[PDB]
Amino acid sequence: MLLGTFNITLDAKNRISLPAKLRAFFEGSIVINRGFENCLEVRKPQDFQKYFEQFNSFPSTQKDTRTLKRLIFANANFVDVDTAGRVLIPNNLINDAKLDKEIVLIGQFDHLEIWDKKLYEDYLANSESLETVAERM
């Protein structure tokens, strides 16, 4: 289970050190891919496996399904968690998530999201209430 919020800094070599309470969750490898609202998702390969299983539940004969799958997997990568718990974030992803300095890692149980601190707070700042959003489920 990936839970919580974490404030960390983006390395000079574009790496982020997984907190610690988090390193435990991951093995020596993760899949990254770009997320929604410009955030970058991080999962254990096995979880990515299941995540993809949720996509295939979608038609695929439908153009949108193909665009979604291509946008996701075409920017997805395996990344080894080094001995120090660090992860090198790909150039393409650094840009997609506007990662600069000051990152926010939020646990989403299944996966972990990497945010630019500013963007995340802005997301939170906008964004409707918990009751409002929930009522629409």
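All residue numbers refer to positions in the sequence shown, first residue = 1.
Legend: mean Cα B-factor per stretch from the PDB entry, 73-81 versus 33-41; the higher mean is in 73-81. Taking the PDB entry as given, 102-110 carries the higher mean Cα B factor of the two stretches 61-69 and 102-110.
Placement of the Cα temperature factor of residue 10 within the chain: highest third of the modelled residues, per the deposited record. In the PDB entry, residue 16 places in the highest third of its chain by CA B-factor. Residue 124: CA B factor lies in the lowest third for its chain, per the PDB record.
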